[PDB]
């Protein structure tokens, strides 16, 4: 059992529903074709997760203002916090590819948003860290999380055309999710 991973058993119902999701999927051009290709992406990425995680953790670790969000008050990285989050982050890669984007998925999207936001940050792992991750950086991270995925999608010998379809599905899915995570950040009624 992954500590803190509460998919399917969240405290709250999401403030967005399956009709909201339908319309947001339309805004990111996500269709049944992307459902298929995100699943195929999962098959390609599954045994590569550790190397993907090292790439993403390496990026954050190389910028003091980014590693900042995992630090103790003394400004040093909380290693227990980093490790605990890494397990759930790893599972998120699989979820994106393997879960149906249903109400349970949406409820967990709200949860992940709440956990980056001051509402729930630091509570899952019971750590003393910085209180909030500025929303500017969640949007910003759409780029690195999307673009640095591409070389991994090509590592199993798939053609550039099939890599392109898996990559676009990943881009769309990343964008869709960060959009949802904006909810706890955005003034009530403005989301």
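Throughout, rigid core stands for the largest set of C-alpha atoms superposing within 1.5 Å between the two forms. Numbering follows the first chain given and starts at 1.
Stretch comparison, 32-40 versus 154-162: after rigid core superposition, larger RMS CA deviation in 5 other deposited structures of this protein is found for 154-162.
Using the rigid core as the fitting frame, the root mean square C-alpha deviation in 5 other deposited structures of this protein is greater for 97-105 than for the other of 110-118 and 97-105.
Between 154-162 and 26-34, the higher mean Cα B-factor belongs to 154-162.
Once the C-alpha B-factors are averaged per stretch, 64-72 and 37-45 rank with 37-45 first. Per the PDB entry, 58 shows the highest C-alpha temperature factor of the residues 134, 144, 58, 131. When the C-alpha B factors of 12, 168, 175, 182 are read from the deposited coordinates, the top value falls at 12. Sorting the modelled residues of the chain by their CA temperature factor places residue 95 in the middle third.
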